[PDB]
Every structure is written in C-alpha cells, then in structure tokens.
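Data block for data_15.cif (mmCIF, C-alpha atoms and all ligand atoms):
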```cif
data_query
#
loop_
_atom_site.label_atom_id
_atom_site.label_comp_id
_atom_site.auth_asym_id
_atom_site.auth_seq_id
_atom_site.Cartn_x
_atom_site.Cartn_y
_atom_site.Cartn_z
CA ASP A 2 0.00 0.00 0.00
CA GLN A 3 3.02 2.31 -0.57
CA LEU A 4 2.19 5.82 -1.80
CA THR A 5 2.07 6.00 -5.60
CA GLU A 6 2.76 8.83 -8.06
CA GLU A 7 -0.84 8.35 -9.25
CA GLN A 8 -2.08 9.18 -5.73
CA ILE A 9 0.26 12.13 -5.37
CA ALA A 10 -1.06 13.57 -8.66
CA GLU A 11 -4.64 13.01 -7.46
CA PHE A 12 -3.86 14.94 -4.26
CA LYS A 13 -2.17 17.79 -6.17
CA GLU A 14 -4.99 18.00 -8.73
CA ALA A 15 -7.59 18.12 -5.99
CA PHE A 16 -5.61 20.80 -4.09
CA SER A 17 -5.36 22.81 -7.32
CA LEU A 18 -9.15 22.68 -7.85
CA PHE A 19 -9.50 24.63 -4.59
CA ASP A 20 -6.30 26.64 -4.81
CA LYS A 21 -7.30 28.25 -8.11
CA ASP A 22 -4.71 31.04 -7.94
CA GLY A 23 -1.89 28.53 -7.36
CA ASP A 24 -0.50 30.39 -4.32
CA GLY A 25 -0.28 27.22 -2.19
CA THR A 26 -3.07 27.97 0.25
CA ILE A 27 -6.86 27.58 0.21
CA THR A 28 -8.70 30.67 1.46
CA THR A 29 -12.34 30.95 2.61
CA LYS A 30 -13.08 32.53 -0.82
CA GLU A 31 -11.54 29.58 -2.64
CA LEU A 32 -13.35 27.03 -0.47
CA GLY A 33 -16.62 28.97 -1.01
CA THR A 34 -16.14 28.84 -4.79
CA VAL A 35 -15.99 25.02 -4.68
CA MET A 36 -18.95 24.83 -2.27
CA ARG A 37 -21.00 27.04 -4.64
CA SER A 38 -20.07 24.74 -7.55
CA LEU A 39 -21.81 22.04 -5.46
CA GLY A 40 -24.98 24.20 -5.12
CA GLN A 41 -24.21 25.05 -1.50
CA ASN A 42 -24.47 28.48 0.03
CA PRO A 43 -22.18 28.65 3.07
CA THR A 44 -21.53 31.92 4.87
CA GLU A 45 -18.05 33.34 5.42
CA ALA A 46 -18.23 32.21 9.06
CA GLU A 47 -19.23 28.67 8.03
CA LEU A 48 -16.33 28.60 5.59
CA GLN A 49 -14.00 29.75 8.35
CA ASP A 50 -15.30 26.96 10.63
CA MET A 51 -14.58 24.48 7.81
CA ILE A 52 -11.02 25.73 7.56
CA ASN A 53 -10.64 25.80 11.37
CA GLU A 54 -11.25 22.03 11.44
CA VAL A 55 -8.08 21.24 9.45
CA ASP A 56 -5.95 24.37 9.93
CA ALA A 57 -3.20 22.72 11.94
CA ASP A 58 -0.79 25.69 11.84
CA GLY A 59 -3.46 28.29 12.70
CA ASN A 60 -2.73 30.69 9.85
CA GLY A 61 -6.45 30.68 8.90
CA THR A 62 -6.08 28.98 5.50
CA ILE A 63 -5.54 25.43 4.18
CA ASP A 64 -2.10 24.34 2.94
CA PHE A 65 -1.30 21.14 1.10
CA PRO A 66 -0.37 18.92 4.10
CA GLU A 67 -3.51 20.14 5.94
CA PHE A 68 -5.63 19.47 2.82
CA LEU A 69 -4.57 15.82 2.97
CA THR A 70 -6.75 15.52 6.15
CA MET A 71 -9.72 16.30 3.92
CA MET A 72 -8.68 13.58 1.41
CA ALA A 73 -8.61 11.05 4.28
CA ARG A 74 -12.17 11.79 5.55
CA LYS A 75 -14.65 8.91 5.19
CA CA B 1 -4.99 30.16 -3.14
CA CA B 2 -2.98 26.44 7.70
#
```
So that I can check it, write out the structure of this file as structure tokens.
Ligand SMILES: [Ca+2]
Ligand SMILES: [Ca+2]
Amino acid sequence: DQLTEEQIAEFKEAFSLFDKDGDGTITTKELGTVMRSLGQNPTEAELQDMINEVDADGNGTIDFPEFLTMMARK
C-alpha cells in the first residue's frame, strides 16, 4: 500500500481545484467557490469553521499537508 505517483497527482490535482490562484493555500473565498459549484451556500463564518477544522498551523487557511486531512475523511 506504498504511496504511488498516481495518488500524489490526485492529491495535487484536488488541491489545485480549490487553490485556483496557485498560491499554495486555500482561502475561505476559494473554499466557497468550490462549495457554490456544489450548489451550496455557506456563509463566510461557516467557511472559516470548515477551515478551522483542518488548519493545523493556525494561519487561517488550508495548505497542502492540511488538505490531505480532507482527502482522508470517510
Ligand atoms: Ca490560493
Ligand atoms: Ca494552515
């Protein structure tokens, strides 16, 4: 079950969907854009709560290693 390049690319592609400006972090705005693509209508505060759940380093936004937590949710 060793990590594959296929999986790594899947993780990077998924991160990039959210991180649309390529700056390496997912903001509330970026997360909101993906939520709205899914027909959802979260508020800024709700988006911040979503980020808070995985924002290990407390900088208020999602980086790539934090995003992996999301990929692991069942
Ligand atoms: Ca970004
Ligand atoms: Ca963070």
> Closest to ligand CA 1 (chain B) among A:55, A:69, A:36, A:23, using all atoms listed in the file?
Replying inline: A:23
> Which is closest to residue 17 in chain A among A:64, A:59, A:49, A:3, if we use all atoms listed in the file?
Replying inline: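 Looking only at the distances to residue 17 in chain A, the closest residue turns out to be A:64.
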> At a cut-off of 12 Å from (-22.6, 31.8, -0.1) in the coordinates of the file, what residues are picked up using only C-alpha atoms, written as number ranges by chain?
Replying inline: A: 29-48
>> One decimal, in Å: what's the spacing between CA of residue 75 in chain A and CA of residue 25 in chain A?
In response: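 Between CA of residue 75 in chain A and CA of residue 25 in chain A the gap works out to 24.4 Å.
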> From the set A:7, A:54, A:13, A:62, which residue has the shortest atom-to-atom contact distance to ligand CA 1 (chain B), counting only C-alpha atoms and all ligand atoms?
Replying inline: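 Among the listed residues, the smallest separation from ligand CA 1 (chain B) belongs to A:62.
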> Counting all atoms listed in the file, what is within 12 Å of residue 72 in chain A, bar same-chain residues fewer than 4 positions away, as a PyMOL selection string?
Replying inline: chain A and resi 8-9+11-16+55+65-68
> At what distance in Å, to one decimal, does CA of residue 10 in chain A lie from CA of residue 27 in chain A?
Replying inline: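 Distance reported for this atom pair: 17.6 Å.
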> How far is it from CA of residue 20 in chain A to CA of residue 2 in chain A, in Å with one decimal?
Replying inline: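 Between CA of residue 20 in chain A and CA of residue 2 in chain A the gap works out to 27.8 Å.
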> Between A:63, A:4, A:73, A:51, which one has atoms that come closest to ligand CA 1 (chain B), using all atoms listed in the file?
Replying inline: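 Of A:63, A:4, A:73, A:51, the one nearest ligand CA 1 (chain B) is A:63, counting all atoms listed in the file.
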> With distances taken over all atoms listed in the file, which of A:70, A:56, A:18, A:24 is nearest to ligand CA 1 (chain B)?
Replying inline: A:24
